[PDB]
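Visitor:
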Amino acid sequence: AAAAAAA
Amino acid sequence: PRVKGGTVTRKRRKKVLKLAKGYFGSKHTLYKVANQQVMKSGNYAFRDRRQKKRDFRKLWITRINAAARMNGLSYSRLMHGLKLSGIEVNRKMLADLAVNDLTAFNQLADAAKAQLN
Amino acid sequence: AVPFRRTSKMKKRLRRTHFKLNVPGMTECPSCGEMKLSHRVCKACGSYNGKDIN
Amino acid sequence: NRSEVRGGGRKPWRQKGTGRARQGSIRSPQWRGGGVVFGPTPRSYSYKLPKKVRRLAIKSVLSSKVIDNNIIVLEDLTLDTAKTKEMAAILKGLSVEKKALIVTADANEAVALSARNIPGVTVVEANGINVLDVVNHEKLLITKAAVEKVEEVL
Amino acid sequence: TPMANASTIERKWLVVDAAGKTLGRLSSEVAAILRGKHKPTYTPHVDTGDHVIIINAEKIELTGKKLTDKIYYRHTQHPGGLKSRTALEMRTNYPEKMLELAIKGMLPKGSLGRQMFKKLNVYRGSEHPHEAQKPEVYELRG
Amino acid sequence: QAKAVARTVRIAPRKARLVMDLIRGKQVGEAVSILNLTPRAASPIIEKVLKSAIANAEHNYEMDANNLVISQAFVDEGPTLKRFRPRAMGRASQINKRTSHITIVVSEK
Amino acid sequence: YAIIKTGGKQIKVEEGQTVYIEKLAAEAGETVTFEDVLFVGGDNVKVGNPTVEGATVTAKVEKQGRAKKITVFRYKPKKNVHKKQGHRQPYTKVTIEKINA
RNA sequence: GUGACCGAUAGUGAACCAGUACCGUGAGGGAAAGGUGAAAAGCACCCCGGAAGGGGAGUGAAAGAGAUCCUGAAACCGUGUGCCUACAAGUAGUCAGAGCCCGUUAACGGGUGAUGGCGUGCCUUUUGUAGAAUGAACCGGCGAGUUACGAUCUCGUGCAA
RNA sequence: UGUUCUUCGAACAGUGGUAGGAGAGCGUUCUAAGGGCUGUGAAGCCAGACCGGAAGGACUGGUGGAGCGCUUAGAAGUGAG
RNA sequence: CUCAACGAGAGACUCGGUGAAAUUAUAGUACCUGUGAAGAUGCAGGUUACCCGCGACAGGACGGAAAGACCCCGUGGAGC
Numbered sequence: 001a002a003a004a005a006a007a
Numbered sequence: 002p003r004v005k006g007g008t009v010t011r012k013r014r015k016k017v018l019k020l021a022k023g024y025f026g027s028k029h030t031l032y033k034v035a036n037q038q039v040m041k042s043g044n045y046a047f048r049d050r051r052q053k054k055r056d057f058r059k060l061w062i063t064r065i066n067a068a069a070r071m072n073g074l075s076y077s078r079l080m081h082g083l084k085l086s087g088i089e090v091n092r093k094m095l096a097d098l099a100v101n102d103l104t105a106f107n108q109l110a111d112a113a114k115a116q117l118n
Numbered sequence: 002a003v004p005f006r007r008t009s010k011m012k013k014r015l016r017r018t019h020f021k022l023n024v025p026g027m028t029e030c031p032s033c034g035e036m037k038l039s040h041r042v043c044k045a046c047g048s049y050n051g052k053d054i055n
Numbered sequence: 053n054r055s056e057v058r059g060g061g062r063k064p065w066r067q068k069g070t071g072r073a074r075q076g077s078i079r080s081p082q083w084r085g086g087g088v089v090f091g092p093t094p095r096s097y098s099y100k101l102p103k104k105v106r107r108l109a110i111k112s113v114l115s116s117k118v119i120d121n122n123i124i125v126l127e128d129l130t131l132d133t134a135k136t137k138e139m140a141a142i143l144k145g146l147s148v149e150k151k152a153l154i155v156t157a158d159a160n161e162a163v164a165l166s167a168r169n170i171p172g173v174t175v176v177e178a179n180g181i182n183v184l185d186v187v188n189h190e191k192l193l194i195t196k197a198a199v200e201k202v203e204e205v206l
Numbered sequence: 004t005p006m007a008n009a010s011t012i013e014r015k016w017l018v019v020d021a022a023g024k025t026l027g028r029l030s031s032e033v034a035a036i037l038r039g040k041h042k043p044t045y046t047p048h049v050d051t052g053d054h055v056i057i058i059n060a061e062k063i064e065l066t067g068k069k070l071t072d073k074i075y076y077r078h079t080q081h082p083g084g085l086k087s088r089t090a091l092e093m094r095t096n097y098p099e100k101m102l103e104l105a106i107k108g109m110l111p112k113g114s115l116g117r118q119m120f121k122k123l124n125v126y127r128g129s130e131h132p133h134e135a136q137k138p139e140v141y142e143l144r145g
Numbered sequence: 002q003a004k005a006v007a008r009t010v011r012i013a014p015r016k017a018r019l020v021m022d023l024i025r026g027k028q029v030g031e032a033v034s035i036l037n038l039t040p041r042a043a044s045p046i047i048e049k050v051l052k053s054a055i056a057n058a059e060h061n062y063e064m065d066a067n068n069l070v071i072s073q074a075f076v077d078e079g080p081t082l083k084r085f086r087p088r089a090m091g092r093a094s095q096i097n098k099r100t101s102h103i104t105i106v107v108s109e110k
Numbered sequence: 002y003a004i005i006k007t008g009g010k011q012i013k014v015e016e017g018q019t020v021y022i023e024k025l026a027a028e029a030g031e032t033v034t035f036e037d038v039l040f041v042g043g044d045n046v047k048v049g050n051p052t053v054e055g056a057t058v059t060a061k062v063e064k065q066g067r068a069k070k071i072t073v074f075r076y077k078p079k080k081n082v083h084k085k086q087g088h089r090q091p092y093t094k095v096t097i098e099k100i101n102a
């Protein structure tokens, strides 16, 4: 996936 | 019993830091870079104690080549003449001091001239 | 926007070369002194060329 | 030990998410709360040599004191009063200046109450002899009854 | 223990004529002169070499088809900054920095290399303004 | 030579050095008037230390204060008071209330 | 000046000059001689068919001593290999006089 | 009453107004923090300063001993001074090396060093790391092959079918 | 360091090294033995151009103001990047 | 937007007062082409570059922040 959704 | 061990560690650190005196910046101040610099200096000291023995020799070869080319011969012909004109084992930095004491080098050069023909 | 390496002492001192501030334009007050900065009323005597105007 | 320190079992912070170490216990051995995994533990240092070695040890140390001429034999140890001045005069009369043993077969009370204030002198019974008092004092004063006891005891 | 000169070096002035030699074979000899390889008092860290003057730089020649094939590049720090000229255009207009680029290529790289580059003097022929130094004529070894 | 030390007054040392680097080495008659006009509000504290040093020269040694000159003008650091400032999302950043030792030594020229 | 090999390395010496050579024993305080002298010098005599007769150079031994200590530390820059060793090279200091031809 | 038990990051969490301060609605979690001097004899008095804080003068064996107060290291911050630095691309060292400045546990002396040659930190994990793979801002302290009971082997001692 | 001869010892050969195996040592705390330094100055701290093959150890000068070291052994809360 | 141009206020800029944080092996920390754990500020060859700042931009430092969430393994777990 490699989704950049860092919180 | 309990062992604290407070002083021997600081003695080691100060021995390393006094061995690393004169270094740039934090390398004469902080222990953990001073120890690495001292170890690297030990490797460099061993390597350069090996390398000095041959770069001095190449400097003396250069100076003997210049002094021989003043007299009309190259370095290789001069050394071949020295091995042919008797077995003379005259070492090369004494041959380099022989041009500080000219014209003693010219007489050995003429001795090389004599039996190359 | 994050410092990769820390600044050494020498680079910090080189950057702080121009951080110093200058001496003000201070001159002798003709009434009393000492001393009085140029183009301002003297705080001691309250005079300016040359009346006591406070 | 790590279990016996007065400390909670919770973890101070969660396992992931913070940029810190894991640190599952409040007082792990790397913490300031202590600290020891092994440590000293209460134990007995007692062990027994075989009996022939014990008899050989006591006989050999007695023979080594005999060949060094440090043995003094005093028959019956006659002491009139309970004063330690008389015992000090007796030790002075036999040229004893360093530490000494006094071996008494019947364990006389006048001998026992005396010479215990002198720091280098230890009064011991005939069967109460041992390796350390013989090697420690380097001179023994032994009665004839004590010799005639320890010859058949050991 | 061996001798190592420092602030006692005597430097002479030499005149090298480039009428018939190559770019080329003389440039290595001039670089060896500037390094000090001809003197027995050579010390590699103090620049024992001496001054040299080159005259008739326009009379230099180079063999083969290098007059149209040899290309000099002077790339800037800008994109698309590659500027090029042939050896004929570099000889015809000003061959002085042709000769100095040859010497700079054959000199060592460093502070001493930039120092020994300063002793080189290349002029369009056949006069030089260094007659006050009284230079001597040097003949090439070959 | 007379010496006056401030010893833990509330001023950051880096801000005091910005005045002390230029006040150093000057005559004391040309030193108070520099401090009056800079303004750089550590300079009243440096003025108090300077007048204390001049008075110590006049009263304890009688050094004829019109001939004095500043000799040593070093700034040291005192103990730091630790304060915490609340930030966004519960960060609790640290605030250092810096403290300096101001020392002025005057002597003859 | 004369050309002396006694190391086994070749050295160039003057009259009355103190030199440092390798640790030959010499029973220090006793006169030591060098017999393998090349190129006797002075009149600039060539050397050939070496160790010629009549080339005798004598010396006076003053000290049997130690050089400055060298800490020979070598480590491979990985692999946990460390090696520390001090070195103390012995020498012989002689004073050379009466060069003979 | 005794420790081949600890000595203030140790030893009880707690040598000190400690289950205290503080955190949590609550159950609960839970600190940091010892040392003047033998005796306060704890700086009378003078000067600067609003005060704090200093400089003299006294007490004291010591005041650099003056209220977190015995000794006081390092990271860090400064002030002076000897030698080098504004044409130089450097894991910052090492070998060679002139000049300048000093004299030591007098010893082929110490400090700084223009310039040349060589030279891509330490650890971990890897076939292979200068690695643009991991860890460390720095300094100081603490921090991981122990102990109980059995078994086996080597060595030593005692007695020996 | 290993082998031979063994006439103080000599000759010859060997001595890069990870995982690992074997051997010899240096330091820290406490205890037993004697012996010995200490306010005419201990431990600790700071500096030095000293010594040893290494871990390390001494000697001077300053600070410090009361304990420490040596020996042959023995135990370990036994050495930090 | 074609296609952007002015004007007002707050921050940013200067001065006075006070004053952090993420990060950080040391660092005197250029470019091109190659080489190399195969994408170099530090390696090799060459090309450039006096020393120290201030205001801006963000191409790189495989930037920082979270022991990748995807994929696989664990004879790990949990919910259905």
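Protein chains in written order, with the deposited numbering: chain W, 1 to 7; chain Q, 2 to 118; chain b, 2 to 55; chain E, 53 to 206; chain J, 4 to 145; chain S, 2 to 110; chain g, 2 to 102. All C-beta atoms, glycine included, are put in the ideal place defined by N, C-alpha and C.
1) How big is the Cα-Cα spacing for residue 117 of chain J and residue 47 of chain J?
2) Given that residue 97 of chain Q touches chain J, what residues does it touch there, using C-beta distances under 7 Å?
3) If we cut at 7 Å on Cβ distances, does residue 76 of chain g have a partner in chain Q?
4) In whole angstroms, what is the alpha-carbon distance linking residue 65 of chain S and residue 9 of chain b?
5) Between which residues of its own chain and residue 98 of chain S is the CB-CB distance below 7 Å, once the five residues before and five after are set aside?
6) Please state whether DSSP places residue 200 of chain E in a helix, a strand or coil.
7) Since I believe residue 61 of chain J is in contact with residue 98 of chain J (beta carbons under 8 Å), could you give me their beta-carbon distance rounded to a whole number of angstroms?
8) In chain Q, what lies closer than 8 Å to residue 122 of chain J by C-beta?
9) Using 10 angstroms around the beta-carbon of residue 3 of chain Q, count the other beta-carbons present and answer buried if the total reaches 16, otherwise exposed.
10) Within a Cβ cutoff of 7 Å, which residues of the same chain sit near residue 12 of chain S, ignoring the five residues on either side of it in sequence?
11) Candidates E/162, E/90 and E/168: which alpha carbon is nearest residue 152 of chain E's?
12) Extract the residue ranges of the beta strand (DSSP E) inside the segment 36-81 of chain S, only unbroken runs of 3 or more that lie entirely within it.
13) State the start and end residues of the unbroken beta strand (DSSP E) segment that holds residue 102 of chain S.
14) At a CB-CB cut-off below 9 Å, which residues of chain Q make contact with residue 69 of chain g?
15) Flag residue 58 of chain Q as yes if its beta-carbon sits less than 7 Å from any beta-carbon of chain g, otherwise no.
16) In chain Q, which residues lie less than 7 Å from residue 91 of chain g when you measure between Cβ atoms?
17) Would you mind working out which of Q/31, Q/23, Q/27 and Q/25 sits nearest residue 11 of chain Q, comparing C-alpha positions?
18) On the criterion of 16 or more Cβ atoms from any shown chain inside 10 Å, does residue 94 of chain Q qualify as buried, or is it exposed?
19) Kindly say whether residue 35 of chain b, judged by its beta-carbon, lies nearer than 7 Å to any beta-carbon of chain S.
20) Mark residue 3 of chain W as exposed unless 16 or more other C-beta atoms lie within 10 angstroms of its C-beta, in which case mark it buried.
21) Measuring straight from C-alpha to C-alpha, what distance separates residue 72 of chain J and residue 11 of chain g?
22) Compute the Euclidean distance between the alpha carbons of residue 195 of chain E and residue 110 of chain E, then round it to the nearest angstrom.
23) Looking at the strands, I want to know which residues DSSP matches up with residue 83 of chain g.
24) If you reduce the DSSP assignment to three classes, tell me which class residue 45 of chain J lands in.
25) Keeping to the same chain, check which residues put their C-beta closer than 6 Å to that of residue 129 of chain J; ignore five residues upstream and five downstream.
26) Can you check the segment 64-98 of chain J for any alpha helix (DSSP H) of at least 4 residues that lies completely inside it and give the ranges in chain order?
27) Shortest alpha-carbon distance to residue 133 of chain E belongs to which of E/150, E/162, E/81 and E/147?
28) Let me make sure I understand the geometry here. Which of g/76, g/82, g/96 and g/94 has the alpha-carbon closest to that of residue 45 of chain Q?
29) For the segment 72-91 of chain Q and the segment 45-56 of chain g, state whether three or more C-beta atom pairs, one from each stretch, are separated by less than 8 Å.
30) I need the straight-line Cα distance from residue 105 of chain Q to residue 99 of chain Q, nearest angstrom please.
31) If contact is defined by three or more beta carbon pairs under 8 Å, each pair taking one atom from either stretch, is the segment 21-38 of chain b in contact with the segment 54-62 of chain E?
32) Measure the alpha-carbon distance for residue 77 of chain Q versus residue 17 of chain Q and round it to whole angstroms.
Guide: Result, derived from the coordinates:
1) Within the fifth sequence, residue 117 of chain J is the residue found at index 114, counting from 1. Within the fifth sequence, residue 47 of chain J is the residue found at index 44, counting from 1. Each residue's Cα considered, the two are about 14 Å apart.
2) Mapped onto the second sequence, residue 97 of chain Q falls at position 96. What residue 97 of chain Q touches in chain J: 5.
3) Locating residue 76 of chain g in the seventh sequence gives position 75, counting from the first residue. Cβ-Cβ to chain Q under 7 Å: yes for residue 76 of chain g.
4) One-based indexing of the sixth sequence puts residue 65 of chain S at position 64. One-based indexing of the third sequence puts residue 9 of chain b at position 8. Each residue's Cα considered, the two are about 46 Å apart.
5) The residue given as residue 98 of chain S occupies position 97 in the sixth sequence. Hits under 7 Å: 81, 82 and 84.
6) As a first step, residue 200 of chain E is located in the fourth sequence; it is residue number 148 there, counting from the start. The answer is helix: DSSP assigns residue 200 of chain E an H, G or I state.
7) In the fifth sequence, the residue the question calls residue 98 of chain J occupies position 95. In the fifth sequence, the residue the question calls residue 61 of chain J occupies position 58. Rounded, the Cβ-Cβ distance is 6 Å, consistent with contact.
8) Sequence index remark: in the fifth sequence, residue 122 of chain J carries index 119 (1-based). Per Cβ cutoff of 8 Å: no residues; residue 122 of chain J is ~18 Å from chain Q at best.
9) The count along the second sequence starts at 1 and reaches residue 3 of chain Q at position 2. Residue 3 of chain Q is exposed by the Cβ-count criterion.
10) Indexing the sixth sequence from 1 puts residue 12 of chain S at position 11. Cβ within range, chain order: 43, 46 and 101.
11) Position 100 of the fourth sequence, counted from the start, is the residue given in the question as residue 152 of chain E. Residue 152 of chain E has its Cα closest to that of E/168, out of E/162, E/90 and E/168.
12) 69-73 and 76-78
13) For this step, residue 102 of chain S is matched to residue 101 along the sixth sequence. Looking at the DSSP string, the run of the beta strand (DSSP E) that includes residue 102 of chain S is 101-109.
14) Here residue 69 of chain g refers to the residue found at position 68 of the seventh sequence. In chain order: nothing, as chain Q lies at least about 13 Å away.
15) What you label residue 58 of chain Q is simply residue 57 of the second sequence in a count that begins at 1. No, residue 58 of chain Q does not count as interfacial toward chain g.
16) Sequence index remark: in the seventh sequence, residue 91 of chain g carries index 90 (1-based). Here the premise fails: no neighbours, minimum Cβ distance about 18 Å.
17) Reading the second sequence from its first residue, position 10 is the one you call residue 11 of chain Q. Closest by alpha carbon: Q/31.
18) For this step, residue 94 of chain Q is matched to residue 93 along the second sequence. With 16 or more other Cβ atoms within 10 Å, it is buried.
19) Sequence index remark: in the third sequence, residue 35 of chain b carries index 34 (1-based). True, the Cβ-Cβ gap to chain S drops below 7 Å.
20) In the first sequence, counting from the first residue as 1, residue 3 of chain W sits at position 3. Classification for residue 3 of chain W: exposed.
21) As a first step, residue 72 of chain J must be located in the fifth sequence, where it is residue number 69. As a first step, residue 11 of chain g must be located in the seventh sequence, where it is residue number 10. Distance between the alpha carbons of residue 72 of chain J and residue 11 of chain g is about 55 Å.
22) Here the question's residue 195 of chain E lines up with position 143 in the fourth sequence. Here the question's residue 110 of chain E lines up with position 58 in the fourth sequence. Approximately 17 Å between the Cα atoms of the pair.
23) Numbered from its first residue, the seventh sequence carries residue 83 of chain g at position 82. According to DSSP, which records beta bridges pairwise, residue 83 of chain g is partnered with g/76.
24) Mapped onto the fifth sequence, residue 45 of chain J falls at position 42. Residue 45 of chain J falls in the coil class under three-state DSSP.
25) Indexing the fifth sequence from 1 puts residue 129 of chain J at position 126. Counting only Cβ-Cβ distances below 6 Å, and skipping sequence neighbours, we find 58 and 59.
26) 69-72 and 90-96
27) Walking along the fourth sequence from the start, residue 133 of chain E turns up at place 81. The candidate whose alpha carbon is nearest that of residue 133 of chain E is E/162.
28) To locate residue 45 of chain Q, count along the second sequence from 1; it is residue 44. Selected option, being the one with the closest Cα: g/76.
29) yes
30) The count along the second sequence starts at 1 and reaches residue 105 of chain Q at position 104. The count along the second sequence starts at 1 and reaches residue 99 of chain Q at position 98. Answer to the nearest angstrom: the Cα atoms are 6 Å apart.
31) no
32) Within the second sequence, the letter at position 76 stands for residue 77 of chain Q. Within the second sequence, the letter at position 16 stands for residue 17 of chain Q. Straight-line Cα distance between these residues: approximately 49 Å.
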